Each structure stands twice: as C-alpha cells, then as structure tokens.
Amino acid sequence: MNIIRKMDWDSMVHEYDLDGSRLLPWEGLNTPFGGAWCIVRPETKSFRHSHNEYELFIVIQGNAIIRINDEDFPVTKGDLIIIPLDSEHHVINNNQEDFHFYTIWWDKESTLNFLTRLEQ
C-alpha cells in the first residue's frame, strides 16, 4: 500500500474547464468521499453545474470569485466554501496567477460504499 503520492504537475487532466488531479483511484485507500486538486488557469472560468452530492472547496492559492446560484464571493487562500445541493457553481479567475483549490465531494452512496468495503 502506497502512503504518498507526489504531485505530478505534468499529468493534470483537463475536465470542467480546469486542470485537475483526482484523488481516486488510489489502491488501498478506502474513503467515504472523492477529491480533486483543481487549477483554474489565468483569465478563465470553470464549467457551471449542479448536483446531488455534497461538495466543499478548500482554497489553496491565488484569488477567484466563486459564483453560487446568482451570488458572487471573493475568495483567497484559506477560505472554505460549502456548495449547497441543487446549486449551480463555477469558479472565475480574473488574475494572472493560477487559482488552486481542493474539492471534496460525498453523498449517501459514497459513504455507504466506504462502509461496505470495510465490511468485505
């Protein structure tokens, strides 16, 4: 089982108009949530969407405006954002510096699935 994953900034995967690195798959790691390290590149904005799976953002570097429903939030390093269920959300980076955040998402399914694997 692998304790450490060194970040490889050369193998980010573009998805939702951002460049990310997903937590999963990770063999041996049983979690009740999913995650991703996300980079919104300068002068861009991520794809807008909503969903039935709880989510929060941990703001790591840079500055962005985060738009939830029709509202905007200035955000910066250290800020936490909880996205309400059924909310359109996306991230706007107007700065000449990459915007980094980590997202964690979870629901009933992911939590039960964690419990099942500890059973088995």
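Numbering starts at 1 and runs along the sequence shown.
**Q** With reference to the PDB entry, specify whether the mean Cα temperature factor is higher for 63 to 71 or for 33 to 41.
**A** For C-alpha atoms only, the mean B-factor is higher in 63 to 71.
**Q** Taking the recorded C-alpha temperature factors, which stretch has the higher mean, 19 to 27 or 107 to 115?
**A** Higher of the two, by average CA B-factor, is 107 to 115.
**Q** Name the one of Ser46, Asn95, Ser87, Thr76 with the greatest CA B-factor according to the PDB entry.
**A** In the PDB entry, the greatest C-alpha B-factor among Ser46, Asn95, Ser87, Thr76 is found at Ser87.
**Q** Against its chain's modelled residues, does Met1's Cα B factor rank lowest, middle or highest third?
**A** As the PDB entry reports it, the C-alpha B-factor of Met1 lands in the highest third of its chain.
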